[PDB]
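A single chain, nothing else alongside it, follows as structure tokens in the form solved without its partner chain.
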């Protein structure tokens, strides 16, 4: 019915506390969303990308705390745009777990400063929409302490961005995610 994927910033700019904080957020979403009708996938990124768990793997073993805890920080650059592309092409993939007719929800968590990425958001956002991927953005660290970084959130996130962008310690994001699921 609804396939939700997480793309988390593992870049060296994300501070440790905040990496732990991100992980925290993901589990909380996964917890409150006691499937029966929802699968999750997740990937972290640097200049490199890691698939920590796929819809299949989440389906085989749907234990939150047991899928997230392992995940350690990659560090390095921030290839968010390529992260976006790779998430729709690899995670929202049927040979990896994705379903048909199900809604696609991409949750991207980051500080909002892409760096070193060859791709600009204008190279992946269109394909996101063509593929129907709804995007939410959870900004962490210095995400909101900068105008250039705030605009990065708006760029990534689906419209209206006010309904798809929250600071990680704003617990409306969870509330809004539960809503997004009753308004399909």
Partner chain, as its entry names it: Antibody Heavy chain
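Positions refer to the first chain, counted from 1.
Keep in mind that the form deposited with its partner chain bound is missing from the display, and what follows is about it.
- Contact annotation for residue 98: none of its heavy atoms lies within 4.5 Å of its partner chain in the bound PDB entry.
- Contact annotation: residue 13 falls within 4.5 Å of its partner chain in the bound PDB entry, judged by heavy atom distances.
- Interface membership of residue 75, defined by any non-hydrogen atom within 4.5 Å of its partner chain in the bound PDB entry, is confirmed.
- When its partner chain is considered in the bound PDB entry, residue 56 lies well away from it, no heavy atom lying within 4.5 Å.
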